[PDB]
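Presented as structure tokens, the chain that follows is alone, the form deposited in one PDB entry.
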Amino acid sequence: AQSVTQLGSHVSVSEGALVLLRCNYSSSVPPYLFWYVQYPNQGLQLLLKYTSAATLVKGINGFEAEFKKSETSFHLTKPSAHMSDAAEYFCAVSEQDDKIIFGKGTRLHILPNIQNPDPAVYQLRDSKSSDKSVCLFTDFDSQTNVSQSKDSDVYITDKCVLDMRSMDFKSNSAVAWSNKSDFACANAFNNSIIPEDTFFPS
């Protein structure tokens, strides 16, 4: 096998929806094919592989992939996306009868199903002081995305999903902060399109 193509370095799926990560290969003779997963902080784990036996290969955790010679594909699927499926996935191919070659990888982002959004911007104070604080934009659904800062002395993080197991409760948040004198939480996310009913305490 000359090559392997995964398209989209980052992809999204709704929590509970079908997972589909695409892989295509270039190789006139059918190759052996592999899907590895990588959790943040970790190494590589084999999910499944095509080794010229079953065409529908079944892997750990409900993962499966079908080798389709006529469309040179080996797409990875799982029937329902869980928050714990958040990881980078790599498809891979045998080559030159002596090695495995790797796709560039796709990160799967799972958009939590947020039935009751409660968008809000809160101010948090340093536990010592040094009367510093940060601003926390939280509890918006996945129609909101957070834009990067256009003031170089204000820092804004990407949104991040946490899953509180204690209450079976997931939520989005981004953090903003600055040492600037005229920085206020009211203005911190002005460069993002926020929900019209964002709570600004009080």
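Only residues modelled in both forms are compared. Heads up: residue numbers just count along the shown sequence, starting at 1. Rigid core: the largest C-alpha set superposing within 1.5 Å between the two forms.
Missing here is the form solved in complex with a partner chain; even so, the following discussion is about that form.
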task: With heavy atoms only and a cut-off of 4.5 Å, decide whether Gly59 touches the partner chain in the deposited complex.
output: no
- request: Answer for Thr51 alone: is it within 4.5 Å of the partner chain in the deposited complex, judged on heavy atom distances?
  value: yes
query: Is the gap between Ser28 and the partner chain in the deposited complex 4.5 Å or less for some heavy atom pair?
result: yes
- prompt: Is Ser80 close to the partner chain in the deposited complex, meaning a heavy atom pair under 4.5 Å apart or at it?
  reply: no
task: After superposing the two forms on their rigid core, pick out the one entry in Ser28, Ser52, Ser147, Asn61 with a CA shift of 2 Å or more between this form and the one not shown.
output: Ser28
- request: Enumerate, in order of sequence, every stretch of at least three consecutive residues present in both forms where each C-alpha is displaced by 2 angstroms or more between this form and the one not shown, superposition done on the rigid core.
  value: 28-30
